[PDB]
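Chains as they are written, first to last, in the authors' numbering: chain A, 543 to 590; chain B, 14 to 68, 74 to 302. No residue lacks a Cβ here, since even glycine has one placed at the ideal position from N, Cα and C. These notes concern the structure reproduced below.
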Amino acid sequence: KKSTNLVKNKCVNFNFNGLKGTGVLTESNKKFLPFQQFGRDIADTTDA
Amino acid sequence: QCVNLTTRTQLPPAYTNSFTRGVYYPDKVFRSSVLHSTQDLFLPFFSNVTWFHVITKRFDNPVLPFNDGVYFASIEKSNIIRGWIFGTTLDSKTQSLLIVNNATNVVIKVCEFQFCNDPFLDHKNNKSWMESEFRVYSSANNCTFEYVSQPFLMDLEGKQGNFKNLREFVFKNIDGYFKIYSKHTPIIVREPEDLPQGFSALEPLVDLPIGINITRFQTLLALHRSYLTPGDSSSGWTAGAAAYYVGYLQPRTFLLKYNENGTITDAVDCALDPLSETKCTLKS
Ligand SMILES: *[C@@H]1O[C@H](CO)[C@@H](O)[C@H](O)[C@H]1NC(C)=O
Ligand SMILES: *[C@@H]1O[C@H](CO)[C@@H](O)[C@H](O)[C@H]1NC(C)=O
C-alpha cells in the first residue's frame, strides 16, 4: 500500500507491519531476536 | 540405475539418556523476564534416544519413522551426514521430499522420486574432493517444487581431526507446513561418548508450505573412496568417525524462564515428577 514517515512521542494511530493499534510510539532500548518482531509483557499485551 | 550393497555388519542400536535437550522457541513473539507456560510438541525430559555410529566399517543407514516431528542430533567433524529424504513409499507412486547438501547448493526437491532400495552416497573423491556420481534416485515423472539456496563453496577434504561439530535439529509438519529449527555449536575437545549436559535454545530457521504427507525419513552419509578402498561400485569406501542420536517428540506442557534479553535460560517439565508439577502449578 503506502510508506509514510515516522512519528515521535505523540498519541497517534499506527499500523506497524499490519498491526493496528493506538498509542504513543516512543523509542525503545530493548534487545530483540532476529527472527521475531513482536513484544509482550506479563499481561500478554503488545508493548514493543 | 542402482545396485544392492553388501559387506555390512549388523549391530544392535544403543540407547542413551537425554539431558535437558530439545527446547526451541515455539512462537514468533518476544518476551522478557517472564515464566511462560507453553503446551506444544517437545522432547520429553529424561526420555532416552537411539544411538547410531559410523566409522565392518559400521554402515548405519536405516529407515526410521516420522510420527509427529523428530529431534536429530549429530556429533560430527567433517560433514559426513549430508542429505535427508522424506516420503511415504519412495517408489515414485507418491510425492517425496529431499534435501541435499551437495557441492552446488542446498537443494530442496518435492518430486515423485523412484528412490532406490539402497541409494548410494557416491561422492567419488579423487586427489581433489568433489562429487562425481549420483545414484540417489533414478528418475522423476512430473513434480511440483524445486528450490535452490545461495551457492557457496565447500571443501569436502578428508579432515580427520577432533570432534568439534554438534548439530541439533527439530522437524515439525503441521497443516501442510514443514518447519526446521536448528542450532550448530563447536564442541570443545571432549571425550567422544555422548552428548554433554547444559542448555541450548533452537532458533527457528525454515518454514516451507509443501503440503504433502511424510511418514518415513532417512539420513545420508558421505563415503570416500581412494586407493585404500579396493572394490566395485558398492564395496570399497571410507566413512569416517561420526555419530547421530534420534528422538521423537510428544505433546507436553513446559514452563520456560525467558531471560531479561529474550532467550530461554531454563525450562522445566510439568509431568516428570511431583516436584516438577508443584513448580509448574506454583509458577516458580
Ligand atoms: C530406554 O528406552 C527403551 C525403549 O524401548 C526401553 O526399552 C528402556 O527400558 C529405556 N531405558 C533404558 C535404561 O534403556
Ligand atoms: C544481555 O545479556 C548480558 C548478560 O545477561 C548483558 O550484555 C546484558 O545484561 C543483557 N542485556 C542487554 C545487552 O541489553
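- Pairing B:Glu-221 with A:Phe-577 gives a Cβ-Cβ distance under 8 Å.
- Taking one beta carbon from each stretch, the segment 284-296 of chain B and the segment 55-65 of chain B have 3 or more pairs nearer than 8 Å; the two touch.
- Annotation: Cβ neighbours of B:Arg-44 in chain A (cutoff 7 Å, chain order): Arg-582.
- Taking non-hydrogen atoms of ligand 2 into account, the C-beta of A:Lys-573 is found less than 7 Å away from one of them.
- Here the distance from the Cβ of B:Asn-120 to the nearest heavy atom of ligand 1 is not below 7 Å.
- Judged by DSSP in its simplified three-state form, B:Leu-246 adopts coil rather than helix or strand.
- By the 16-neighbour rule on beta-carbons within 10 angstroms, B:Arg-34 is buried.
- With respect to the 8 Å criterion, B:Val-124 and B:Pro-137 are not classified as neighbours on the basis of their beta carbons.
- Fewer than three pairs of CB atoms, one per stretch, sit closer than 8 Å, so the segment 563-571 of chain A makes no contact with the segment 41-51 of chain B.
- Of all alpha-carbon atoms in B:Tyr-38, B:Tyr-28 and B:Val-67, the one lying nearest the alpha-carbon of B:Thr-22 is that of B:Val-67.
- In this structure, DSSP gives B:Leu-300 a helical state, which the three-state scheme calls helix.
- Contacts with chain B (Cβ-Cβ distance below 8 Å) from the segment 556-575 of chain A involve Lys-572, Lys-573, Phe-574 and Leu-575, listed in chain order.
- When secondary structure is reduced to three states using DSSP, B:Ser-294 falls in the helix class.
- Collapsing the DSSP output to three states places B:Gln-168 in coil.
- In the DSSP annotation of this structure, the continuous segment of the beta strand (DSSP E) that includes B:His-49 starts and ends at 47-55.
- DSSP, reduced to helix, strand and coil, places A:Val-566 within a strand of the structure shown.
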